[PDB]
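Single-structure report; data block below.
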Ligand SMILES: CC(C)CCC[C@@H](C)[C@H]1CC[C@H]2[C@@H]3CC=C4C[C@@H](OC(=O)CCC(=O)O)CC[C@]4(C)[C@H]3CC[C@]12C
Ligand SMILES: CC(C)CCC[C@@H](C)[C@H]1CC[C@H]2[C@@H]3CC=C4C[C@@H](OC(=O)CCC(=O)O)CC[C@]4(C)[C@H]3CC[C@]12C
Ligand SMILES: CC(C)CCC[C@@H](C)[C@H]1CC[C@H]2[C@@H]3CC=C4C[C@@H](OC(=O)CCC(=O)O)CC[C@]4(C)[C@H]3CC[C@]12C
Ligand SMILES: CC(C)CCC[C@@H](C)[C@H]1CC[C@H]2[C@@H]3CC=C4C[C@@H](OC(=O)CCC(=O)O)CC[C@]4(C)[C@H]3CC[C@]12C
Ligand SMILES: [Ba+2]
Ligand SMILES: [Ba+2]
Ligand SMILES: [Ba+2]
Ligand SMILES: [Ba+2]
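Written out as structure tokens, the structure reads:
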């Protein structure tokens, strides 16, 4: 049973930093590619960041240079360091096992 | 000026073999990936076969084991050996420089 | 045996050779690399235009995911195992010959431990065989040179050896692998000098149905070709010592 | 020829033996990895209906073949691996015969130059590596002169003095050229203890697969030249150790031939 538990969301001030975490279980984490998505109220699911099995990172152009995805294979947790938050980042963030259909519950991050 | 001249199409009998060719010019052919597409009357453009710069071939599941794409870098020509033709292969075949927007005129292949 | 004064002088020569070589390699490759990196971006942009449902970050994640999986031992193409007894026997050869193309490499923890031990005893074990092959080739050349009977003999050894071990195999590689005359010569040199970049590997394309005798004949050519290149590189190493001794006196 | 054909059979046996061990260790894990990659591609095709399986396969193959041909399909780069810095280190892989393959000539002119570069560069480097080995042997000979003086007064047999000295040379050399650098590689590149040891062995034995390369992931200013200085002294140490193993096989074969 693949389970993805998220943490670190909530209401924050614009400009201030925030950190999301994702406790993964039920699968070989070391060889899988992790990813973070965001569901804006008036928009569709959008890929935010993705860290491959060899720790290589890929980011959305809107979050480039501000957000930083990092994996801790020892603790099976994928992080998303969201710095310099703009009101445009207000969305529900989901933790995903890229191209495997495994999704988390979703943590609401509100920037206002 | 990129030009792709096609040859070898036309009316053929079902089961019988047919060979399409594509004389390429106006670009570095050695490093480019060649591809063949087919426009069926009641369907959209469909990738048939594609040979990469390192001569690796990729085929559509409908033409697997029957069609064979091969490149002759010495003569700048990409071939499509269509064997055991079924009436389902009746379509306009286009020669393409995969992911470069360069297309040929299109040769009608009719199997009946 | 060798004094530190000579060692530090030889070290400066090698650093000069490396900086000089690097400058030639940069001038020969960087303009073409910039040209190739522009066409790859154009291809990715045209792919994104043709497939609207795929975002640039999704395409970039997919490309990175495919490259990292391929580098980790798992090919992201198809649904053709490179660890079958056939390819595994030839991989074991690249270890003991120190060619190490890298096309096939251990991914399992146990495979990495075994590969360390395999090279430790396998490389000196192969060195004994390569010394014997070189003596057998030298005895075969000595028997042919006796019929002809030193400067002319060394030029004949180099020329005839270049025909049977370099040109003849490269012609076969051009007619089989579809490589150009230059790419085939480049492959022969890189292979028989144990450099083994891995960019060109004989019997690597999945599309072409290779002959049964093809793969073992390439590995037999490697065995005799390594022994020939070791003799030629030793002659060049000896030539540099004679050239250095003549320049030291003058 | 009788000894040569006997040694050839030994090598073929060693190759078939090794090939069987490698297949048993890798094939089950390779089949497991090739199933999860297919599942990921299938789920990608479900999530992106506008992309056909043959188009996805063409894209993946196109990216792998472009990377293998010298052009990285990652990023836009307005990170060139042909700048003087990386070009100097590439030239090193040629003369040392390590040849990782991470960087390789793509131009016709670069392939012609690389052929000539190895022809004169490999024997030129061999002369330097011989001098480095003599300097390391002189440094070890100076250190062993103090240890052998303590063993001389302890009445240890003269033949056993050389036996203890060879074990000390191997042990001390394995510390400074194998363990110490691999610990640094683990703390810098993020490689595991086994992957770092595997890298050190593969590099210093001139095998150079290219799967593990120092300073490759997109480092400190002193890192890259210190890695290549370690290569220079480490190659000379590994040459001496592999020569000792080659000499021990000759002594072992001579003892077995008599008995
Ligand atoms: C798949 C392809 C690329 C393989 C390449 C073919 C090689 C395996 C061939 C090409 C030339 C051959 C060599 C050509 C000449 C000789 C000399 C020959 O010597 C004799 O028979 C002595 C003759 C005499 O002096 O009377 C021994 C085999 C050998 C080294 C041959 C060994 C096999 C070689 C290297
Ligand atoms: C493929 C391209 C890079 C051209 C290759 C040209 C070679 C034929 C050159 C490049 C460097 C040259 C060497 C540079 C330095 C020396 C030292 C020189 O000896 C001395 O000057 C004595 C003092 C010292 O040991 O340096 C003798 C010639 C030699 C081996 C040279 C021989 C000819 C070499 C190998
Ligand atoms: C980026 C990282 C991975 C680089 C790895 C570091 C190496 C460059 C270091 C690690 C251990 C070092 C060696 C440790 C010990 C010695 C003995 C030393 O000998 C003496 O100074 C003589 C002492 C005496 O006997 O009195 C000469 C340098 C050398 C070979 C060192 C050379 C540099 C080495 C190989
Ligand atoms: C990493 C794994 C594969 C274990 C490695 C074990 C090695 C220590 C073994 C593998 C093959 C062995 C060799 C196989 C054959 C011989 C020939 C033997 O000599 C003879 O029998 C004389 C006749 C002949 O030349 O074959 C002397 C031991 C030796 C070198 C063996 C020494 C020990 C070796 C290198
Ligand atoms: Ba390699
Ligand atoms: Ba090598
Ligand atoms: Ba590679
Ligand atoms: Ba005593």
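Protein chains in written order, with the authors' numbering: chain D, 1 to 112; chain C, 1 to 112; chain A, 71 to 149, 154 to 223, 237 to 337; chain B, 74 to 151, 154 to 293, 297 to 337.
Note that CB positions come from ideal geometry on N, CA and C, so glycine has one too.
Which first and last residues belong to the alpha helix (DSSP H) in which residue 69 (chain C) is found?
No alpha helix (DSSP H) holds residue 69 (chain C); the beta strand (DSSP E) holding it covers 67-72.
From residue 33 (chain C) to residue 174 (chain B), what distance separates their C-alpha atoms?
About 27 Å.
Going by DSSP, name the residue or residues bridged to residue 7 (chain C).
Beta-bridge pairing links residue 7 (chain C) to C:21.
Rounded to whole angstroms, what's the CA-CA distance from residue 149 (chain B) to residue 194 (chain A)? Just pull it up for me.
In a straight line, the C-alpha of residue 149 (chain B) is about 42 Å away from that of residue 194 (chain A).
With a CB to CB cut of under 6 Å and the five nearest residues on each side skipped, what residues in its chain are close to residue 76 (chain C)?
Correct list, in chain order: 24, 29.
Once DSSP output is grouped into helix, strand and coil, what is the label at residue 123 (chain A)?
Coil, per DSSP.
Listed by chain order, chain B residues near residue 38 (chain C) by CB distance under 9 Å
Chain order gives no chain B residues near residue 38 (chain C), where near means a beta carbon separation below 9 Å; the closest approach is about 12 Å.
Determine the extent of the alpha helix (DSSP H) in which residue 221 (chain B) is found, giving its start and end residues.
First-last of the alpha helix (DSSP H) with residue 221 (chain B): 183-228.
What are the boundary residues of the beta strand (DSSP E) that includes residue 27 (chain C)?
Per DSSP, residue 27 (chain C) lies in no beta strand (DSSP E) segment and is marked neither H nor E.
With a cut-off of 8 Å on the beta carbons, I'd call residue 76 (chain B) and residue 91 (chain A) a contact; round off their distance for me.
Contact between residue 76 (chain B) and residue 91 (chain A) does not hold, since their C-beta atoms are separated by about 40 Å, which reaches or exceeds 8 Å.
Out of B:112, B:275, B:204, B:136, which one is the CA nearest neighbour of residue 250 (chain B)?
The shortest C-alpha separation from residue 250 (chain B) is found at B:275.
For residue 46 (chain D), three-class secondary structure by DSSP:
Here residue 46 (chain D) sits in strand by DSSP.
In the DSSP assignment, the beta strand (DSSP E) including residue 53 (chain C) goes from what residue to what residue?
Looking at the DSSP string, residue 53 (chain C) is not in any beta strand (DSSP E), and its letter there is neither H nor E.
Kindly give me the distance between the Cβ atoms of residue 182 (chain A) and residue 102 (chain B), rounded to whole angstroms, as I take these residues to be in contact under 8 Å.
Confirmed, about 5 Å.
Determine the DSSP secondary structure at residue 38 (chain C), reduced to helix, strand or coil.
In the structure shown, the three-state DSSP call for residue 38 (chain C) is strand.
Check whether the Cβ atoms of residue 95 (chain B) and residue 142 (chain A) lie closer than 8 Å to each other.
Against a cut-off of 8 Å, the Cβ pair of residue 142 (chain A) and residue 95 (chain B) comes out as no contact.
Local Cβ density within 10 Å of residue 230 (chain B), reported as buried at 16 or more and exposed below that
The C-beta of residue 230 (chain B) has fewer than 16 other C-beta atoms within 10 Å across all chains shown, which makes the residue exposed.
Quick check: what's the CA-CA separation for residue 227 (chain B) versus residue 239 (chain B)?
One C-alpha to the other measures close to 12 Å.
Suppose contacts are defined by Cβ-Cβ distances below 8 Å. Is residue 280 (chain B) in contact with residue 197 (chain A) by that definition?
Their beta carbons are under 8 Å apart, which means residue 280 (chain B) touches residue 197 (chain A) by this criterion.
Considering Cα atoms alone, identify which of C:99, C:74, C:105, C:82 is closest to residue 268 (chain A).
Cα-wise, what sits closest to residue 268 (chain A) is C:74.
If you draw a straight line from the alpha carbon of residue 82 (chain A) to that of residue 303 (chain B), how long is it in whole angstroms?
Computed Cα separation, rounded: 15 Å.
Where residue 108 (chain C) falls: helix, strand or coil (DSSP)
In this structure, residue 108 (chain C) counts as strand in the three-state DSSP scheme.
Exposure of residue 242 (chain A), with buried meaning 16 or more beta-carbon neighbours within 10 Å
That one is exposed.
Measure the CB-CB distance between residue 5 (chain D) and residue 102 (chain D) and report whether it falls below 8 Å.
Not a contact, by the Cβ cut-off of 8 Å.
Under 7 Å between beta-carbons, which chain A residues line up against residue 57 (chain C)? List them in chain order, please.
In chain order: 294.
How many Å lie between residue 151 (chain A) and residue 165 (chain A) at the Cα?
There are no atomic positions for residue 151 (chain A) here, as chain A continues from 149 directly to 154.
Which whole-angstrom value is the C-beta distance of residue 99 (chain B) and residue 306 (chain A), which I expect to be below 8 Å?
In fact, because the Cβ distance is near 20 Å, the residues do not count as touching under 8 Å.
Verify the contact flag: residue 217 (chain A), CB atom, against every heavy atom of ligand 1, threshold strictly below 7 Å.
Yes - ligand 1 has a heavy atom lying nearer than 7 Å to the Cβ of residue 217 (chain A).
Name the chain D residues that come within less than 8 Å of residue 125 (chain A), Cβ to Cβ?
By Cβ distance, chain D contributes 46, 47, 60.
Cβ separation of residue 113 (chain D) and residue 81 (chain D), assumed to be a contact under 8 Å, to the nearest whole Å
The structure shown has nothing for residue 113 (chain D), since chain D only spans 1 to 112.
Per DSSP, what are the beta-bridge partners of residue 96 (chain D) in this structure?
Answer by DSSP bridge pairing, in chain order: D:35, D:103.
Would you mind stating whether residue 98 (chain D) and residue 121 (chain A) have Cβ atoms separated by less than 8 Å?
In this structure, residue 98 (chain D) sits away from residue 121 (chain A), with a CB-CB distance that is not shorter than 8 Å.
Sequence-distant residues of the same chain with beta carbon closer than 6 Å to residue 68 (chain D), five excluded per side:
Taking residue 68 (chain D) as the centre and dropping the five residues before and after it, the same chain places the C-beta of 81 closer than 6 Å to its C-beta, in chain order.
Run the Cβ filter for me: residues under 5 Å from any heavy atom of ligand 6, listed in the order they occur in the chain.
Here the residues close to ligand 6, judged by CB distance below 5 Å to any of its heavy atoms, are A:174, A:283, B:174, B:283 in chain order.
Please return the same chain residues whose Cβ sits closer than 7 Å to the Cβ of residue 86 (chain D), not counting the five positions on each side in sequence.
If the five residues before and after residue 86 (chain D) are omitted, its C-beta is found closer than 7 Å to the C-beta atoms of 14, 111, all from its own chain and listed in chain order.
Reference residue 226 (chain A), options B:199, B:172, B:215, B:256, closest by Cα
Position 223 is followed directly by 237 in chain A, which means residue 226 (chain A) is not present among the coordinates.
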